[PDB]
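Throughout, residue positions are numbered sequentially from 1 according to the sequence presented. Reckoned from all heavy atoms, side chains included, excluding hydrogens, waters and symmetry mates.
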Amino acid sequence: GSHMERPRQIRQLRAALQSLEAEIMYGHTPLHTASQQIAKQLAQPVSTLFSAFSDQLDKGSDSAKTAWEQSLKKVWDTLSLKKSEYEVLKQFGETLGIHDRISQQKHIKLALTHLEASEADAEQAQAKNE
């Protein structure tokens, strides 16, 4: 049920993106391996975003940005999110292609906070409905 599923899926995305932020920033783990490790833990359908991303990166001459965008479009219809989440997730991809280290980091944090905010909106809509 979409009102119910949406907050839960945002919460999962916030978890997974926090882990990827760390690996990008100070990890010694290749991004494809980090994403696959997350995919193994998360429930479907959000898990498939991360396994698709891992595949695209691994067997790919694609930038991380391009691999992310492609994985996002591929899985999008399986998720229970609104367009506002899509745009946030797209901005997260665009962020992977930022070369300035500090600016990239801060734009990843913005994505995460944006999801925190959308999670609240989604919980508020749910609660309104009950």
Could you walk me through whether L13 and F50 pass the side-chain contact (heavy atoms from CB on, under 4.5 Å) test, one step at a time? CA-CA 10 Å; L13 284 164; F50 293 87; 4.1 Å; yes

Is a salt bridge present between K65 and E69, judged by a nitrogen-to-oxygen distance below 4.0 Å? yes

Between the main-chain N or O of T95 and the side-chain N or O of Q104, is there a donor-acceptor pair closer than 3.5 Å? yes

State the CG-CZ distance between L31 and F53, to the nearest 0.5 angstrom. 4.5 Å

Indicate if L96 and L112 have the same hydrophobic cluster label, given that clusters are the connected sets of ILVMFWY residues with side-chain heavy-atom separations under 4.5 angstrom. yes

Does a salt bridge link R6 with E85, judged by any charged N lying under 4.0 Å from a carboxylate O? yes

Taking the side chain as every heavy atom from C-beta outward, state whether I108 and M25 have any atom pair closer than 4.5 Å. yes

Any side-chain to backbone donor/acceptor pair from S71 onto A67? Under 3.5 Å, distance only. yes

Working for side-chain contact (heavy atoms from CB on, under 4.5 Å), residues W76 and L81: CA-CA 8 Å; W76 184 248; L81 302 178; 3.6 Å; yes

Interatomic distance, CD@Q36 vs CG@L57, rounded to 0.5 Å, equals 11.0 Å

Among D121, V88, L115, the one residue meeting side chain to side chain contact (heavy atoms under 4.5 Å, CB included) with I10: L115

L79 CG to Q12 CD distance, which is reported to the nearest 0.5 Å: 9.5 Å

Hey, what do you get for CG (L20) to CD1 (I38), rounding to the nearest 0.5 Å? 4.0 Å

Shortest non-hydrogen contact from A34 toward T29: N-CG2, 3.8 Å

Separation of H114 NE2 from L89 CG (nearest 0.5 Å): 10.5 Å

Could you give the distance from CD (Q18) to CD (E23), rounded to the nearest 0.5 Å? 11.5 Å

Could you tell me whether the side chain of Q9 and the main chain of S80 form a donor-acceptor pair under 3.5 Å? yes

Test side-chain hydrogen bond (donor to acceptor under 3.5 Å, both in side chains) on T48 and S51 and set out the steps. CA-CA 5 Å; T48 303; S51 54; 4.6 Å; no

side-chain contact (heavy atoms from CB on, under 4.5 Å) between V46 and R8, intermediate numbers included: CA-CA 10 Å; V46 172; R8 183 182 211 263; over 6 Å; no

Nearest heavy-atom neighbours spanning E123 and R11: OE2-NH1, 4.4 Å

Is there a chain of hydrophobic side chains (I, L, V, M, F, W, Y, each step under 4.5 Å between heavy atoms) that links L17 to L110? no

Residues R14, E116: salt bridge by 4.0 Å N-O rule: yes

Nearest heavy-atom approach of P7 to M4 is CD-O, 3.5 Å

Nearest atoms (heavy-atom pairs only) where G93 meets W68: CA-CD1, 3.4 Å

Going through the checks in order, is the side-chain contact (heavy atoms from CB on, under 4.5 Å) test met by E21 and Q105? CA-CA 8 Å; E21 184 189 13; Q105 203 254 278; 3.3 Å; yes

Heavy-atom closest pair, residues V75 and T78: O-OG1, 2.5 Å

